[PDB]
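>>> coords please:
(chains A, B, C, D and E, ligands or ions: 2)
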Amino acid sequence: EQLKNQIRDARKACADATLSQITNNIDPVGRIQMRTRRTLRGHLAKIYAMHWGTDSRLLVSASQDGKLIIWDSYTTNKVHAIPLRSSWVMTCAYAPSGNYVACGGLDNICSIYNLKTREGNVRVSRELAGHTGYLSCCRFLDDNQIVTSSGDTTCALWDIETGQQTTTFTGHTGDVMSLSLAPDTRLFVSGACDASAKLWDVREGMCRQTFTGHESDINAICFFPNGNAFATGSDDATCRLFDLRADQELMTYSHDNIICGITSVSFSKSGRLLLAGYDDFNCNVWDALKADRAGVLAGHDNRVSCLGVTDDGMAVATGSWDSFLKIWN
Amino acid sequence: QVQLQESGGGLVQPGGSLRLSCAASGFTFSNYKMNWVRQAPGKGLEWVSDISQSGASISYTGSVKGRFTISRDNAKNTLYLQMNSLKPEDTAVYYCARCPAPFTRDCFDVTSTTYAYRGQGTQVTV
Amino acid sequence: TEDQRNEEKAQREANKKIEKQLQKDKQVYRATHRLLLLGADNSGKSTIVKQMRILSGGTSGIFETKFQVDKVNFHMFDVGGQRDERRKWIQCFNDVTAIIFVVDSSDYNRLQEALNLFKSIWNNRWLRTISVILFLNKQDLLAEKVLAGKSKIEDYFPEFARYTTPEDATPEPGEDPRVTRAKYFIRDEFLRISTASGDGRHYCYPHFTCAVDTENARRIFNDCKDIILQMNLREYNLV
Amino acid sequence: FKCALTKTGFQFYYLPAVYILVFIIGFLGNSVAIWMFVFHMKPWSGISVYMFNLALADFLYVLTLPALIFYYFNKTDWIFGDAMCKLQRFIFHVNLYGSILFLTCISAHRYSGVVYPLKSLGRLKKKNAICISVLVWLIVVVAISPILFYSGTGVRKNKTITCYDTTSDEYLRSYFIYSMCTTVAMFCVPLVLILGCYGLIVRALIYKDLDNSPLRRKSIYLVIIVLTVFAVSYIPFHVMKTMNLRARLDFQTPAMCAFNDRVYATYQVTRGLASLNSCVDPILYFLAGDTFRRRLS
Amino acid sequence: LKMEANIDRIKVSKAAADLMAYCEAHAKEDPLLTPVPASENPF
Ligand SMILES: CC(C)CCC[C@@H](C)[C@H]1CC[C@H]2[C@@H]3CC=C4C[C@@H](O)CC[C@]4(C)[C@H]3CC[C@]12C
Ligand SMILES: Nc1ncnc2c1ncn2[C@@H]1O[C@H](COP(=O)(O)OP(=O)(O)O)[C@@H](O)[C@H]1O
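Residues are numbered from 1 along each chain as shown, chains lettered A, B, ... in the order given. Ligands and ions are numbered 1, 2, ... in the order given. Shown next is the protein structure:
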């Protein structure tokens, strides 16, 4: 308990001010009224996952009907429709190269599909196994190395070509429900269902900083564009922006009308807007500097289960349990 | 940091009174449904009692339904389980389990001990 | 922009082919019914799944079965390859037709845990609209235990002493009064949780079964018929 | 020799009042229904398509009503427009029977969704409902097309301008044949269809008893009251329409004038009953369903 | 816990200033923050 007390004392000492008070001089973003430019419909069942390609145009949406649909967001044309061996898929990804798309879920197996194949179709390029729990978030590092967050309280780092668990990250007391990568792709922050988000070094394989302050299960993590901070959404309906430099909580986003936990979060390319999908069927965009609810993205008949901001910052994709994925700009 | 350190316990004669308390800190505690769980020596882990956010809708395991009155003080930020009667079968390690989702009527705590929103536990013997 | 027009035409043709495949998949997916097979880990689940298979394959932990009754295809899945915390993977099963809840009613020690799990399933935010097919198993074991009388349910459930057999009970062949009283007491204990909330969104179907019972398929078929009949009645605005 | 229509109050005052009440109720009810179906409903299904089309037909009927209200309240004198009469008696009818057809489609769809819940799940699509709705609208427009020619406008002996809903005395026999055919095809066959489908629905809801699911009593009550409303509002109206056509063809003499007057007066009353559907069907089909009320914001 | 505690924990004021500077520098490059014209917006 001495180490925990010392860490708390250091965090309190470093807590010399509040982010809201410092940013009060900065003018607020006002009211944000993003509209649905495109509605990407065609999913049979609820959409559990979302990711944008590095080209900032293509989209991958995973649905518990066992469907990995690669949409062209510009034209609302399903470029690909990969059927999955396991119907219940909770994670999806784009490789940075774009030639591979990952999926996973209750099958405990991360399936990597080769999109750009010489045959002229989509096939299971790899089937990584070794996790003892459901996969909640798997994302590529360099298109030949994938970090997967599972429900066995441990994260894994696999070499796709080798197909073996090269690195294992342990220390979470609960199921990991989110996983985000720094823009430098050297450290990644994984949040478990224990109100704890741990930052792991990819090469070292051990946690460097554990962040607490949440009250319930963490369901979503996104990185700040600068890579020195990360926002976590949890079941206590409150987002928390932690700063790596301060090694403690920096900002809290909450309200009185919110009584439902966050499902997916996604920062804006500038970091001024923190987007967060909620269980109340509506997404919310917050001013990360001012902690004020900048705006609401309604329009989903069910809860917003996945939320992704494109690399170009031009649009957002909100996929809900109503088998609908909407594009906002 | 979520903490649920338990106080009260130790050896007690059968039929005695041994009130247990939890110092629930790190969350609002005014909305989370709370539970008392017990682990017998070398025998699994069984839920004992439940109590809603407002203190009503209290329920107990039938084995201790008559005794073991549960109570919750939001202002004091604490929760207590008064054991009116004690039996040798009640000798176990008692933990306080917080419901995971705050404003929900369901509790999905863990059977084989891995739950995080749970105290270290206090051992009571008869 | 001839090349751009050709690329757009090829994109539209591929999208049309994918949409036709998706329409076929939608027909097949709506035609098939998903049944989340839940229950305490003590007993009931795997034996039922295997028996339904003998009437369809699990590799990484999820024991799936794609049995068909009459002309309707059912998908029952026993998700067993998961560590401890049903809270997070239960969310996914909010699109299933029903949750087949297998309760080992012969073991009174774990009956309270099964009741708590049933209450959590019933009161879960995402399982409000998902009906539960109660499938109290090992009725032969429960009858043998009651007839032997080694352990009394009054020790585990004091309210059983004041409980009396309901007038609407339908005893089986033989049906010793103690056995019938115990079985219907467990059924009423689960149905109290079932009726405590739901306001007509979903209903619990309390079927008693055994390990070697061959009527389980018909029970699930009729329960799914009633579930989708009520779903249509809500959809058709017939209350 | 022609009857003087002593009991004209059933048309000069009763019908305008009934049509005014029907306008007031049905306009709001059907506007709310279509607004819910368009801007605040689920991703829609076949029954939603049928119910939206029925609500649209009732709303267009209600919108056609005020012209007839002005015509009736002006002592059966036209409200100007001449050929617009041919429009009104068209649109009115093509909505009235339209509802009588869409109430059939719903009654068919429910029969699929209740009697055979499992079987009629993969063999059912929203596109099929859209195709059936388009076919029903086309059949309505084609069958009520002769109304555009028959429903002319004439000048009575009392210097009044009458917008003949049925026809003038010249084409009375041909219009009687046409109206008998329209009643048989667009009302009598739909009436048999809805009666049989709901009877089967009641049989499935009662005798099967849903094994264990309670609260089917309110569904049975809704089905029964829908059946009774449809019957008591449309059967007398279509009976009295043919009766009035036959009475205008036959009789027309002081010896049998009074009976004709009777089948006149009752006819007017029955006509009001028909308008009442465009108020009761939106209430029973939409406002009496728990799902619609929950989705009502 | 020892490794996590032993770190160059900077003051939260410095972190907030750095985050504000990063948001202000990249403010123009965010179409969500400032709505780009429909001609520039591909959607
Ligand atoms: C949300 C979408 C799917 C609703 C679709 C409703 C469509 C199928 C319905 C609503 C209104 C209907 C139209 C109403 C009026 C007419 C004019 C008539 O001379 C031909 C039929 C036609 C053209 C109908 C065709 C079917 C129609 C267009
Ligand atoms: N049985 C009848 N005998 C004499 N006149 C009638 C009879 N029925 C209707 N009329 C008159 O003929 C005119 C046209 O009636 P009809 O075409 O049936 O529809 P509407 O009454 O709506 O115009 C009306 O003004 C009505 O007063």
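>>> tell me where the chain has helices.
In the absence of a named chain, chain A is used. For chain A, helices defined by DSSP state H occupy the ranges A:2-14, A:19-23.
>>> that was the other one, I meant chain C.
C:2-31, C:45-53, C:86-89, C:111-123, C:139-148, C:153-156, C:177-196, C:216-235.
>>> now swap in chain E and tell me
E:2-5, E:12-25.
>>> among those helices, which comes closest to chain D?
With Cβ to the nearest Cβ, the closest approach to chain D among the helices of chain E belongs to helix E:12-25: 36.7 Å. C-betas here are computed from N, CA, C, even on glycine.
>>> touching chain A at all, that closest one?
Yes: with Cβ under 8 Å from any Cβ of the partner chain as the criterion, chain A is reached by helix E:12-25 at E:12, E:13, E:14, E:15, E:16, E:17, E:18, E:19, E:20, E:22, E:23, E:24.
>>> columns distance to ligand 2 on top of the helices of chain E, output as a markdown table?
Converted to a markdown table, these look like this (distance: least, Cβ to the nearest ligand atom, whole Å):
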| stretch | distance to ligand 2 |
| --- | --- |
| helix E:2-5 | 87 |
| helix E:12-25 | 72 |
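>>> wait, which of the ones you listed is closest to chain C?
helix E:2-5 (24.3 Å).
>>> please enumerate residues in contact with the closest one?
A:3, A:6, A:7, A:10, A:206, A:207, A:208, A:209, A:210, A:247 (Cβ atoms under 8 Å, 6 or more residues apart in numbering or on different chains).
>>> need the contact list for residue 26.
Went with chain A since none was named. A:289, A:290, E:20, E:24.
>>> I was thinking of chain E, sorry if that wasn't clear
So residue E:26 contacts A:225, A:269, A:270, A:271 (Cβ under 8 Å, 6+ apart).
>>> show the buried residues in the contacts of helix E:2-5.
By neighbour count, with 16 or more other Cβ atoms under 10 Å in any protein chain shown, the contacts of helix E:2-5 hold A:7, A:10, A:207, A:209, A:210, A:247 as buried.
>>> now render the helices of chain C as JSON lines, adding mean neighbour count and distance to residue A:298.
Converted to JSON lines, the helices of chain C look like this (neighbours: other Cβ atoms under 10 Å in any protein chain shown; distance: least, Cβ to Cβ, whole Å):
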{"stretch": "helix C:2-31", "mean neighbour count": "13", "distance to residue A:298": "26"}
{"stretch": "helix C:45-53", "mean neighbour count": "19", "distance to residue A:298": "40"}
{"stretch": "helix C:86-89", "mean neighbour count": "21", "distance to residue A:298": "26"}
{"stretch": "helix C:111-123", "mean neighbour count": "21", "distance to residue A:298": "27"}
{"stretch": "helix C:139-148", "mean neighbour count": "16", "distance to residue A:298": "50"}
{"stretch": "helix C:153-156", "mean neighbour count": "17", "distance to residue A:298": "49"}
{"stretch": "helix C:177-196", "mean neighbour count": "19", "distance to residue A:298": "33"}
{"stretch": "helix C:216-235", "mean neighbour count": "21", "distance to residue A:298": "24"}
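>>> sorry, back to before: which one of the residues of helix E:12-25 next to chain A has the most neighbours?
Ranked by the number of neighbours (other Cβ atoms under 10 Å in any protein chain shown), the residues of helix E:12-25 next to chain A place residue E:19 first, at 27 neighbours.
>>> that one and residue A:313: what is the separation?
Using Cβ to Cβ, to the nearest Å, we find residue E:19 at a distance of 17 Å from residue A:313.
>>> is chain E contacted by stretch A:295-311?
Yes: residues of stretch A:295-311 contacting chain E under Cβ under 8 Å from any Cβ: residue A:309.
>>> what comes up buried for that stretch?
Here stretch A:295-311 shows A:295-297, A:299-300, A:302-310 as buried, counting by 16+ other Cβ under 10 Å.
>>> with just CA atoms, put that stretch into CSV.
Written as CSV, here are the backbone C-alpha positions of stretch A:295-311 (Å, rounded to 0.1, in the frame of the first residue of the first chain):
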residue,chain,number,x,y,z
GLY,A,295,-23.0,18.4,-29.6
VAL,A,296,-25.1,15.3,-30.0
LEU,A,297,-25.2,12.8,-33.0
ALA,A,298,-28.6,11.2,-32.8
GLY,A,299,-30.3,9.1,-35.6
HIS,A,300,-29.6,5.6,-34.3
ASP,A,301,-32.6,3.4,-33.4
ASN,A,302,-30.3,1.4,-31.1
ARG,A,303,-27.1,2.0,-29.1
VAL,A,304,-24.0,3.3,-30.9
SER,A,305,-21.8,0.2,-30.6
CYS,A,306,-18.8,1.5,-32.7
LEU,A,307,-17.5,4.9,-33.5
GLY,A,308,-14.6,5.8,-35.7
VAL,A,309,-13.0,9.1,-36.8
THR,A,310,-11.2,8.9,-40.1
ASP,A,311,-7.5,9.6,-40.5
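>>> tell me the contacts of residue A:70?
Applying Cβ under 8 Å, 6+ apart, the residues near residue A:70 are A:58, A:59, A:60, A:78, A:79, A:80, A:81, A:82, A:101, A:115.
>>> and for it, nearest residue in space, chain neighbours not counted?
Leaving aside its sequence neighbours, residue A:70 sits nearest to residue A:80 (Cβ to Cβ, 6 or more residues apart in numbering or on different chains; 3.6 Å).
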